[PDB]
Structures are given as structure tokens and as C-alpha cells.
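A note on names: the letters A, B, ... follow the listed sequences, proteins ahead of strands, and every chain is numbered from 1. Counting convention: from 1, in listed order, for ligands and their atoms alike.
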There are 2 protein chains.
Amino acid sequence: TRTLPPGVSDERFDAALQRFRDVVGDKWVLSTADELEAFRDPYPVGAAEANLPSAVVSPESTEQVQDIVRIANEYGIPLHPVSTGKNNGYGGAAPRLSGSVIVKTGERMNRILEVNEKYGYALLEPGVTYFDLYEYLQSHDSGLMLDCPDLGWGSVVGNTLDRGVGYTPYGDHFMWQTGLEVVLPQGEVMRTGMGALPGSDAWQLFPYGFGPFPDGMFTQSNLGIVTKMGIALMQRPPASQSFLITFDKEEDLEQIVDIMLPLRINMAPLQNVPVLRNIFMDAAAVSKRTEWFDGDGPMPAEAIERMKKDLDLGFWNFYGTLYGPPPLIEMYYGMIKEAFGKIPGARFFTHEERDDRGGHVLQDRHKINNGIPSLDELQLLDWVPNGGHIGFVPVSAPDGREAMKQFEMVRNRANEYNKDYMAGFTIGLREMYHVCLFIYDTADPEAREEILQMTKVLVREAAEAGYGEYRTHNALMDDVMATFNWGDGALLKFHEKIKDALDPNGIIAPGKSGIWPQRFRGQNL
Amino acid sequence: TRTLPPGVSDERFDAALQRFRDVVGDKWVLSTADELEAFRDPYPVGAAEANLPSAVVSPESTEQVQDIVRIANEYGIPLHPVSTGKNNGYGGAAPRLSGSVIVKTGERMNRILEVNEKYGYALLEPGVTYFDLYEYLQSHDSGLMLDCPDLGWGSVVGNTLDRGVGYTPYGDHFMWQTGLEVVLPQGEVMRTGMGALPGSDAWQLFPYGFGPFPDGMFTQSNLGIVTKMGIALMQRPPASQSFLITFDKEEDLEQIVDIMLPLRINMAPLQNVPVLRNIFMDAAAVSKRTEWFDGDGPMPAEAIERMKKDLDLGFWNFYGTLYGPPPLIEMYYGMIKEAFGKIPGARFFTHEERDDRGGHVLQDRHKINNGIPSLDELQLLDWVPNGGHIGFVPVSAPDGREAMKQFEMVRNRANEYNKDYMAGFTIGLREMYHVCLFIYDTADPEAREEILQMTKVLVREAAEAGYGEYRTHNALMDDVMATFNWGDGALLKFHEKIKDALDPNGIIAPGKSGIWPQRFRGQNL
Ligand SMILES: Cc1cc2nc3c(=O)[nH]c(=O)nc-3n(C[C@H](O)[C@H](O)[C@H](O)COP(=O)(O)OP(=O)(O)OC[C@H]3O[C@@H](n4cnc5c(N)ncnc54)[C@H](O)[C@@H]3O)c2cc1C
Ligand SMILES: Cc1cc2nc3c(=O)[nH]c(=O)nc-3n(C[C@H](O)[C@H](O)[C@H](O)COP(=O)(O)OP(=O)(O)OC[C@H]3O[C@@H](n4cnc5c(N)ncnc54)[C@H](O)[C@@H]3O)c2cc1C
Ligand SMILES: [Cl-]
């Protein structure tokens with residue numbers, strides 16, 4: 001049965017589609033069931049269908065975005081803006097609110113507007129992928145490098161707008177975002193920062209501009225459709241070296257984290273984002289689950305030991321990258337070896353010392369940590385048939401006992417649903433993330449429903465222990481925002497007031513981050 | 001004549017005052033003419049009286065702040081929140097809107113709530129000064145250091161809330177701010193970030209939390225009264241060394257800036273915030289104008305040469321600090337000397353080589369750059385009798401030709417209004433600030449009016465050249481916000497919509513950053 005926007009008749013929707021076609025062109029509006037299939041969540045959560053788009057509209061310009069927004073206000077049609085729509089693990093391109101129209105800005109708004117070599121920045125449209133930007137930098141013999149997530153096919157802009165992250169020293173994307181242009185919910189256009197000062201050359205140089213600083217309000221947000229965004233770019237160092245440290249025991253996590261923090265907090269000797277990945281995560285990158293175990297339930301201890309031995313990895317595997325002149329790299333690596341070498345059974349390998357199957361993750365991290373985009377990690381999804389994942393990422397203090405508590409409680413819950421504990425821990429400077437990926441058969445309704453029910457429990461149990469998530473899937477946005485309820489839900493009430501003021505017709509991505517406009521509030525959508 | 005809130009009778013104001021006394025106590029509400037004199041702008045701008053407070057209220061707790069806000073809503077009383085009220089150069093404690101009540105949060109809300117050594121942060125109430133925090137750190141044998149502005153008597157919180165800055169690697173205060181608690185304009189209380197997740201230990205560890213990131217909306221803002229704020233604190237390095245480079249010629253600025261940028265953008269070898277100060281600024285720090293010139297009009301070339309020779313300084317004076325093990329300091333200093341030494345006439349001095357009168361600024365920067373608070377810079381105000389200053393700080397690209405343009409155009413206008421050109425240039429990573437302090441006799445109505453009219457022209461001329469200011473004085477807030485008018489004033493319209501939604505009764509600091517609530521908009525206040 002045809003997916004329609006809430007409250008919009010078939011006939012009114014057909015009329016609205018024609019209005020959208022008049023703006024963007026006939027071939028740039030998709031609305032048949034088969035056309036829309038590719039815009040459904042590739043990794044669906046829950047057995048029942050959810051997050052169904054009614055159409056996709058691909059504008060070519062900011063003006064076209066403004067016109068689309070105006071039409072949507074006239075008809076009361078919700079709009080879900082994306083850049084490349086590769087938010088896989090958190091819903092893909094699919095809207096939180098079923099019946100919403102996807103506004104795929106990146107399809108045609110895909111220009112690199114400027115890369116400035118001297119000051120080190122890019123000004124981008126949403127369709128510029130990490131692969132696209134890398135190709136530009138390489139072909140122009142740039143001295144700059146980008147910072148990419150694990151998969152290079154996403155958007156420099158879209159990733160930033162969900163507060164996505166990478167692993168170089170510029171890994172905090174939002175931090176390095178500098179200036180944006182946004183179409184607000186009734187169709188008006190605004191530039192932030194020094195972009196608001198006509199003729200300023202400092203849009204990509206100074207983020208704040210004058211007065212209240214608004215750019216963060218457009219991240220994980222439903223307050224507009226971003227059409228341009230700037231980001232700072234780091235100079236490529238003269239040399240780099242990546243390394244792996246394998247740690248043999250599950251319980252080593254406590255000591256690893258307690259050493260990681262002091263080596264990272266001053267940004268040296270751990271100069272990049274430290275990542276600690278468990279054996280399940282590293283095995284999934286290079287092998288299928290059935291290589292190790294084809295039975296029912298959690299993987300047994302004997303099979304875990306076989307993964308470690310066959311791949312020459314530990315239960316916990318630390319990956320890092322060093323940058324600078326060779327003598328600096330040598331000094332930092334010496335410090336790292338001295339510190340982590342206090343853990344019995346730790347073994348060290350550089351990216352030059354591992355050409356085996358087990359070393360494939362090290363080789364991938366060496367690319368990612370050097371701003372070389374990759375799709376190697378798509379192999380994770382071959383862990384089981386029809387593989388998909390959902391991301392579950394609580395934030396906590398960088399403390400070894402806190403890490404052990406999280407490890408144990410998530411693994412306990414995963415075991416109940418016969419899901420592997422595939423996880424790592426990362427630190428920024430002062431904060432810790434528990435990066436959990438649950439991989440499952442997307443073709444199995446039971447597995448889809450298990451994932452939904454399990455992750456709802458994980459969210460609750462984490463919150464009960466004082467951990468909240470930094471980012472989440474469509475299916476969990478209400479649940480996660482409900483955990484941030486200090487002062488009787490004060491934060492959400494604040495967001496709601498702002499949403500209603502900027503979006504009185506309730507058009508833009510209703511329900512993103514649990515923030516619903518008045519007309520949808522309290523309706524179990 | 002008694003200063004009253006706009007539209008509020010003597011009798012209604014008296015009733016509101018009594019309600020405030022019922023909340024905070026009789027001695028914590030000030031409302032006599034004599035009491036209020038001390039809360040006037042110490043460095044008034046314009047001949048006519050302006051920015052007059054009607055009262056000062058000193059709450060002891062968040063709950064008291066909430067009750068004050070509720071009372072202000074009921075009686076229509078505008079509230080200007082401050083921490084320590086030392087925003088000298090930009091209005092002091094005085095409200096933009098005459099007749100507003102100052103809410104001096106810092107008088108009694110002055111506790112250090114937490115200093116965490118391991119993760120490196122503080123959680124603070126508004127009344128904690130830089131001197132207060134330094135005394136705490138020293139007395140507890142901390143391994144942390146703070147980042148202070150030039151004068152240590154301000155508030156760690158209040159400074160951050162105006163996007164104030166210091167000069168260590170943690171010089172961007174707002175960047176390192178992590179979590180806040182705020183009373184919104186109708187009296188509800190909210191915590192940002194992980195503070196919104198009850199029981200989280202990560203309020204001061206991870207700034208963003210979940211969903212749209214709002215903390216920037218409370219800086220240079222009138223959207224609430226902040227009651228608590230967290231900030232990250234850097235670990236103190238094992239050693240440090242400060243240095244001065246004197247450059248003899250006015251025209252050397254171009255080359256200095258063009259060398260500064262590449263030495264700073266990678267955060268090495270220039271590890272701290274680079275500052276370049278002119279001879280007027282450095283002379284004023286150590287001497288009176290009449291030492292050099294007692295005549296009418298701009299200082300002649302012969303007197304400028306005498307300042308340089310007697311103080312053994314250049315026209316432009318570069319100050320920097322290096323941190324780390326002695327070998328690292330030596331290497332970086334070598335790189336800096338090699339690079340800047342290409343400018344003919346450059347001379348180098350370390351903080352160990354130069355404890356003469358001219359070197360007093362070097363010794364002060366060595367304190368500031370090491371998180372040691374100081375009030376030595378108050379000596380600037382002795383340049384002339386009854387000395388005050390106004391801050392004028394345009395932002396531009398870190399380009400030598402741009403610097404020369406700004407130098408010349410600001411100096412031209414200063415000369416025309418008989419004001420000394422006291423200025424420096426600083427760079428962040430990618431952006432440049434032209435830090436102008438105009439010192440004048442605050443007791444002279446003509447001088448006050450000249451300052452106002454000159455700075456209005458400077459704001460306009462800067463905007464015409466594509467430069468906007470990062471921060472400004474009460475008297476210039478409307479003018480500066482008017483320059484950020486891309487898209488027919490889109491930015492201000494956005495701010496106004498948010499202001500009216502959160503503050504329907506138009507209570508909090510009307511006119512801050514040029515943002516007026518509906519009831520005051522378009523009224524020439
Ligand atoms: C195995 C695996 C590994 C992963 N590793 C990482 C990783 O290392 N780091 C990481 O960050 N992610 C990671 N992800 C998640 C995901 O792949 C990336 O974050 C990806 O870059 C996001 O998709 P995108 O860039 O296409 O953004 P989009 O899907 O285009 O945008 C994401 C969201 O941002 C908002 N948005 C985007 N564009 C606009 C706009 N123009 N206007 C307004 N709002 C907009 C919307 O809410 C949208 O849903 C991983 C996923 C998988 C499956
Ligand atoms: C010679 C000289 C040198 C200076 N050098 C520097 C320098 O190096 N760096 C720099 O940043 N400044 C500098 N200043 C400016 C000024 O001294 C400082 O920034 C000072 O720290 C600001 O005053 P404060 O900390 O008392 O903040 P306050 O005056 O208390 O607050 C400043 C503003 O922030 C807001 N605010 C404060 N508290 C709250 C609250 N609780 N809730 C809501 N809003 C609030 C208000 O708008 C308020 O007016 C200099 C000034 C002079 C005269
Ligand atoms: Cl409120």
C-alpha cells in the first residue's frame with residue numbers, strides 16, 4: 001500500500017509531487033515502490049516495517065531547496081534532509097517519521113566549492129564524499145589531508161551534521177566545521193559565522209562570528225536543510241607509522257584504558273585517536289562467524305581462543321598512528337612500548353610487520369588514520385548472511401574499571417539474545433566511547449525484532465548506570481532522548497520550544513533526536 | 001533622578017525590589033544612587049549618560065536565581081546577568097538597556113565545585129576568579145594550569161560567556177568549556193551535555209551530549225542566567241620559556257604575519273597564542289604618555305623613536321612561549337629564530353635575558369602564558385589621567401597585506417579623532433585578530449564622545465572592507481550586529497525568533513549582541 005505523508009491524501013500528495021517536479025525536474029523526483037526500495041534502511045531494526053519514505057527529491061541548488069521547503073509548508077509534508085544518505089547503523093537514508101519525503105541534497109549538490117591550500121580548509125556541498133575530496137587533494141598535489149570515518153562513501157558534510165568522527169588529530173568533525181549555509185524550516189536562507197558578514201574571507205577561518213554561536217544547533221538536528229559547509233583541513237605530516245598492540249586477556253581492558261588515558265590527554269605520544277578493538281570485531285573484518293562456530297548461542301571460549309591463535313591477535317587489539325619526522329615517531333613509539341609493555345603478554349607490531357590475514361585491520365587503520373578513504377570494513381557485514389549492523393555507543397569516563405563494567409554489562413545482555421559482543425573502546429582526550437556493533441541477519445524478522453528489543457534494554461541499562469549515547473538509530477531516538485531527562489526533561493523541553501518557533505508547520509525531520517514539533521507530539525509515531 | 005526600568009513606575013519597582021529582598025535577603029539588594037555608582041561602566045563611552053543600572057541583586061543559589069527570574073517576569077523587570085562584572089572595555093557590569101537590574105551571580109555563587117586532577121577539569125560557579133582558581137591549584141599542589149586573560153580579577157565563567165580568550169594552548173575558553181547549568185528566561189533550569197543524563201560522570205568530559213548542541217547559544221547571549229560551568233584544564237608542562245622579538249619598522253608587520261602563520265598553523269613551533277604588540281601598547285604598559293610627548297595631537301615620529309630607544313623595543317614586538325622538555329624548547333626556539341631572523345633588524349630576547357623596564361611586558365606575558373594571573377596590565381590605564389579603554393577587535397585572514405591594510409586604516413581614523421593607535425595582532429590557527437585598545441580620559445566628555453563617534457566609523461569601515469568584530473561594547477552592539485546582515489539580515493532574524501520563543505516577556509539582557517525582544521524592538525533604546 002502506498003506510503004503517504006501523515007494527513008496528506010493520495011490526491012494532494014500527487015499534486016505536491018508535481019509541484020516538486022516543477023522545481024527540480026521530472027527525473028529528480030522518485031516515488032514508485034521500486035525506486036524507493038533503495039532508500040529504505042538497509043539494516044532495518046524491528047520486524048514491523050518502519051521509517052518508510054514517501055518520495056525522494058534531488059535539488060540542484062539552494063534556491064531549489066528553498067522552493068521545496070515552501071511547497072512542503074503549503075501541503076504539510078515532512079522533509080528528511082540527507083547529504084549522501086549512508087548513515088548505515090543509524091537508519092541509512094530512511095526518515096524517522098514514516099511518510100516523510102527525503103531531500104537528497106548530495107545527488108546534485110556535489111561540488112567542491114573551494115579548497116584553500118594556504119589556510120587549510122574546504123568549502124563543500126553535501127554531495128562531496130570522502131573519496132571525492134581525497135581524489136581532489138591527490139590530483140592537485142595538495143599538502144593537506146582529510147579526516148575520514150571507517151567508510152569513505154559518506155559525505156564530509158552529512159557525517160559532520162550527525163557529529164560523526166574520524167581518527168586523525170582532526171577526528172572531531174564538528175570541532176573543525178567552520179561556517180555553514182542553511183535553509184531554515186519556512187524556506188529562508190542564512191549563513192553562520194563570518195559568512196553572515198558580506199564579503200568576509202573568514203567564513204572558513206573563524207567559526208564563531210558575532211553573538212550567540214548557533215552552528216551546533218544544526219547538528220543531530222531538525223532545524224534546517226544545510227546547503228554548504230566549511231571544514232578545516234590538517235597539513236599532511238612528513239611521515240607516519242601505524243602499530244598494533246595485541247593483549248591476550250579479556251581482563252587486560254582495565255589496565256589498557258588506565259595506560260591509554262595518560263598517553264593521550266596531552267596529545268602525545270598518542271597523537272591520533274586511540275582505538276581498542278576486541279577479537280570479535282577484528283575477526284569479523286576478515287572472516288565469517290561460521291569459520292569459528294556454527295552452533296547455537298554465544299561463541300564458546302574454545303572458538304575465541306582459535307580466532308586469536310589463527311589471526312595472531314589478542315582479545316583486545318590496540319591500533320594507533322604516529323606522525324612527524326622519523327626521530328619523533330621513534331621516540332613516541334618507544335614511550336608507547338615502554339608503557340603498554342607493563343601489561344604481561346602484550347605484543348607489538350608496526351604496519352610493516354604484518355602481511356597476514358590478522359594484520360588486515362592494521363592495514364585498514366593505517367589508511368584511515370592517514371586520511372586515505374577505504375571500504376574494506378564493509379567485509380564486517382559478511383559475518384552472517386544478509387548482514388546488517390546497528391551502532392550502540394555510550395559515553396563515559398576513561399577509567400579502566402568503568403570500561404570493565406561496560407564490557408561486562410553489554411556482553412551479558414548480548415549473550416541473552418545470542419548476539420556477539422563486537423566492541424571497541426576509544427578515547428578523545430578526556431572521554432571514553434564504548435563502540436558496540438551488533439551484526440545480524442537483516443532478512444530474518446526474528447533477528448530484526450531481537451535487535452530492537454535488545455538495544456532498547458541496552459539503552460535503559462546504560463542510562464541506569466549513568467551512561468548516555470552520543471548518537472543513535474531512528475528506532476532508539478525517543479528512548480535515548482528520554483534518558484537525558486535531568487530536571488524533569490528540561491533539555492527536550494528547550495529543544496521543543498526552539499523547534500516550534502523555527503518550524504511552526506512542523507516540516508523538518510520530525511522526531512530527529514526525539515524532538516517532535518507540536519502537531520506530532522504525543523502521537524506514538 | 002531615580003533610574004527605573006522602562007515602563008515601570010516607582011511604586012511597581014519598589015514592589016519588585018521587596019520581592020527580590022524576600023528571595024535573597026535585604027542586604028543583597030542594592031538600589032540607592034550612591035550604591036549603584038560603583039556598577040556604572042568604569043570606562044564610559046559617549047558624553048551622555050547611558051547603560052544605567054536600576055538595582056543589583058546578589059543570589060546565593062540556583063533556586064534563588066530561578067525565583068528572581070520569575071519575579072522579573074511578573075513585574076516586567078529586565079535583568080542583566082553578570083558573574084564578576086569586570087567586562088571592562090565592553091561596558092563593565094553595566095547593562096545595555098538602561099534601567100535593567102544587574103544580577104550579580106558571582107558575589108555569593110563563588111564556589112569551586114570540583115577540580116579533577118586525573119581527567120583535568122574544573123566545575124565552577126560564576127564568582128570564581130582566575131586568582132581564586134590559581135590559589136586553589138597552588139594550595140592543592142595541582143599538576144594542572146589555568147588559561148587566563150590579561151587581567152586575573154575576572155571570572156572563569158563570565159569571561160567564557162563573552163567568548164573571552166587567553167594565550168596558553170587552551171586559550172579558546174569556549175572551546176574548552178564543557179557542560180553548563182542555566183536558568184532559562186522564564187525561570188526553568190537546564191543542564192547541557194552529559195549533565196542532562198542523571199548520574200553521568202561525564203558532564204566535564206564530553207561537551208556535546210545528545211541531540212542539537214546548545215551551549216554556544218548561551219555565549220554573547222541573552223537566553224539565560226548561567227549558574228554553573230565546567231572547563232577543561234591543561235596539565236602543566238615540565239618547563240617553559242618565553243621570548244620577545246623586536247622588529248624595528250612599521251612596515252615589518254607584513255612579513256611578520258606571513259611568517260607567523262606557517263609557524264603556528266600546526267601548533268608548532270609556535271605552541272602558544274602568538275601576540276604582536278605595537279610600541280604604543282608596550283610603552284603604555286610601563287610609562288605615561290607625557291614621558292614621551294606633552295603636546296597636542298598625535299605623537300610625532302621623533303617621540304616614537306624615543307620610546308623605542310629608551311625601552312629597547314621595536315615598533316612591533318612579538319611575544320611567545322614554548323613548553324616541554326628543554327631539548328624540545330631549544331629545537332622550537334631555533335626554528336623560530338631562523339624564520340623570523342630573515343626580517344632585517346629583528347632582535348631576540350628570552351625571559352631570562354631582559355628584566356629591564358622595556359622587558360616588563362615580556363615578564364607579564366611569561367606569567368599569563370603559563371596560567372599565572374596578573375594585574376600588571378592595569379598600568380596601561382595610567383597612560384593618561386583617568387584612563388579607560390574601549391576594545392575594537394576585527395577578525396580577518398592571517399595575511400600580511402590584510403594586516404597592513406587594517407593597521408593603516410585604523411591608525412588613520414585614530415589620528416583624525418586624536419586617539420593613540422594602541423594595537424596588536426594575534427592569530428589563533430587560521431584567523432587573525434586586530435586587537436585595538438583606545439585609551440582616553442574617562443572624565444572628559446569630549447574624549448568620551450570622540451571615542452563613540454570614532455568607533456562607529458571604525459566598525460563601518462571595517463565592515464566595508466569585509467571585517468567583522470568578534471566582541472564589542474554595549475554602545476556598539478546594534479552597529480556591529482547590523483554588519484552581519486547577509487541575506488537581508490537573516491542571522492539577526494533567526495536570533496530574534498529564538499529570543500522571543502524562550503523569553504516571551506522580554507526579560508533577559510535586552511539588546512545584548514543587538515538582539516532585542518519584541519517589546520523593545522525598534523525603540524531607540
Ligand atoms: C561498519 C561501519 C563503520 C562505521 N564507522 C563509522 C566511523 O568510523 N565514524 C562515523 O562517524 N560513522 C561511522 N559509521 C556510520 C556511517 O557510515 C557514517 O557516519 C556516514 O558517513 C554517515 O552517512 P553520510 O555521511 O551519508 O550522512 P547522511 O546519511 O547524508 O547524513 C546523516 C544525518 O545528518 C543529517 N543531515 C545530513 N545532511 C543534511 C543536510 N544537508 N541538512 C540537514 N541535515 C542533514 C540528517 O539527520 C541525516 O540523517 C559506520 C557505519 C558502519 C556500518
Ligand atoms: C587592558 C585590558 C586587557 C584585557 N585583556 C583581555 C584578554 O586578554 N582576554 C579577554 O578575554 N578579555 C580581556 N579584557 C576584557 C575583560 O577584562 C575580561 O574579558 C574579563 O574577564 C571579563 O569580565 P568578567 O570575567 O568579570 O565577566 P563578566 O563581566 O561577569 O561577564 C561578561 C559578560 O558575559 C555575560 N555573563 C556573565 N556571567 C553570566 C551569567 N552568569 N549568566 C549569563 N550571562 C553572563 C554577560 O553578557 C556579561 O556582561 C581586557 C580588558 C582590559 C581593560
Ligand atoms: Cl524558562
N/O separation below 3.5 Å, B:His389 to ligand 2:
no
What atoms of ligand 2 come within less than 4.0 Å of a heavy atom belonging to B:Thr105?
41 (N)
Run the salt-bridge test on B:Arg70 and B:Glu188 with the 4.0 Å N-O cut-off and return the result as yes or no.
yes
Does B:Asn87 reach ligand 2 with a nitrogen or oxygen that is under 3.5 Å from one of the ligand's nitrogen or oxygen atoms?
yes
Going by heavy-atom distance to atom 25 (O) of ligand 2, choose the closest among B:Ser155, B:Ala94, B:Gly166.
B:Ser155
For ligand 2, which atoms sit closer than 4.0 Å to a heavy atom of B:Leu380?
1 (C)
Check each atom of ligand 2 against the heavy atoms of B:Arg471 and keep those under 4.0 Å away; list them by number with element.
10 (C), 11 (O), 12 (N), 19 (O)
Can you give me the closest heavy-atom contact between B:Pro78 and B:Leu97, atom names plus distance?
CG-CD2, 3.8 Å
Can you pull out the closest protein heavy atom to atom 28 (P) of ligand 2? Residue, atom name and distance to 0.1 Å, please.
B:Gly85 N, 3.6 Å
For atom 33 (C) of ligand 1, tell me which residue out of A:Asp162, A:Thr227, A:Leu378, A:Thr426 has the closest non-hydrogen atom.
A:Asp162
Any side-chain heavy-atom pair of A:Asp215 and A:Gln177 under 4.5 Å
yes
Could you pull out, from A:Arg163, A:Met422, A:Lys86, A:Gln379, the option with a heavy atom nearest to atom 16 (C) of ligand 1?
A:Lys86
Element-labelled atoms of ligand 2 that are located less than 4.0 Å from some non-hydrogen atom of B:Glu377:
1 (C), 3 (C)
Among B:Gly89, B:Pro81, B:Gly106, which one has a heavy atom closest to atom 46 (C) of ligand 2?
B:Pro81
Examine B:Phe174 together with A:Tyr208 and report whether their ring centres are nearer than 6.0 Å.
yes
Nearest neighbour of atom 11 (O) of ligand 1 from the list A:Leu151, A:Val435, A:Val165, on a heavy-atom basis:
A:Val165
When you measure from atom 14 (N) of ligand 2 to the protein, is at least one non-hydrogen atom found at a distance under 4.0 Å?
no
Taking only non-hydrogen atoms of A:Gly224, do any sit less than 4.0 angstrom from ligand 1?
yes
Is there a heavy atom of A:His80 sitting under 4.0 angstrom from any atom of ligand 1?
yes
A:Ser83-ligand 1 polar pair, N/O distance under 3.5 Å:
yes
Kindly state whether the ring of A:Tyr90 and the ring of A:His473 have centres lying under 6.0 angstrom apart.
no
Do you know which of B:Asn369, B:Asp282, B:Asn272 makes side-chain hydrogen bond (donor to acceptor under 3.5 Å, both in side chains) with B:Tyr319?
B:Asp282
Kindly give the heavy-atom pair with the smallest separation between A:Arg365 and A:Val275, and that separation in Å.
NE-CG2, 4.3 Å
Pairwise distance CD1(A:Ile508) to NE2(A:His80) - rounded to 0.5 angstrom:
11.0 Å
Can A:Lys497 and B:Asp500 be counted as an ion pair, charged N to O under 4.0 angstrom?
no
Test your reading of the structure: does B:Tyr130 have an N or O sitting under 3.5 Å from an N or O of ligand 2?
no
Please indicate whether any nitrogen or oxygen in B:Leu437 is less than 3.5 Å from any nitrogen or oxygen in ligand 2.
no
At a 4.0 Å threshold, what atoms of ligand 2 neighbour a non-hydrogen atom of B:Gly164?
11 (O)
Taking N or O atoms only and a 3.5 Å limit, does A:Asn159 qualify as a polar contact for ligand 1?
yes
Could you walk me through whether A:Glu496 and A:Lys493 satisfy the salt bridge (charged side-chain N to carboxylate O under 4.0 Å, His left out) test, starting with their C-alpha distance in whole Å, then the side-chain angles of each, then the deciding distance to 0.1 Å, before giving a yes or no?
CA-CA 5 Å; A:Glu496 286 170 354; A:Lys493 291 167 190 179; over 6 Å; no
Please confirm whether A:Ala509 approaches ligand 1 to less than 4.0 Å, judged on its heavy atoms.
no
What do you reckon, does A:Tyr90 have a nitrogen or oxygen under 3.5 Å from a nitrogen or oxygen of ligand 1?
no
Quick one: look up the protein heavy atom nearest atom 24 (P) of ligand 1 and list residue, atom name and how far away it is.
A:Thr84 OG1, 3.6 Å
Residues B:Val57 and B:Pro59: closest non-hydrogen pair is O-CD, 3.4 Å
Nearest-option assignment for atom 40 (C) of ligand 1, heavy atoms, candidates A:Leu161, A:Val182, A:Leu180:
A:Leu161
Could you list the atoms of ligand 2 found under 4.0 angstrom from a heavy atom of B:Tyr167?
7 (C), 8 (O)
Got an N/O contact under 3.5 Å between A:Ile225 and ligand 1?
no
Give the C-alpha distance, both sets of side-chain angles, the deciding distance and a yes or no for ring pair (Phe, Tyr, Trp, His ring centres under 6.0 Å) between A:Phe210 and B:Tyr470.
CA-CA 5 Å; A:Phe210 178 74; B:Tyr470 107 94; 9.2 Å; no
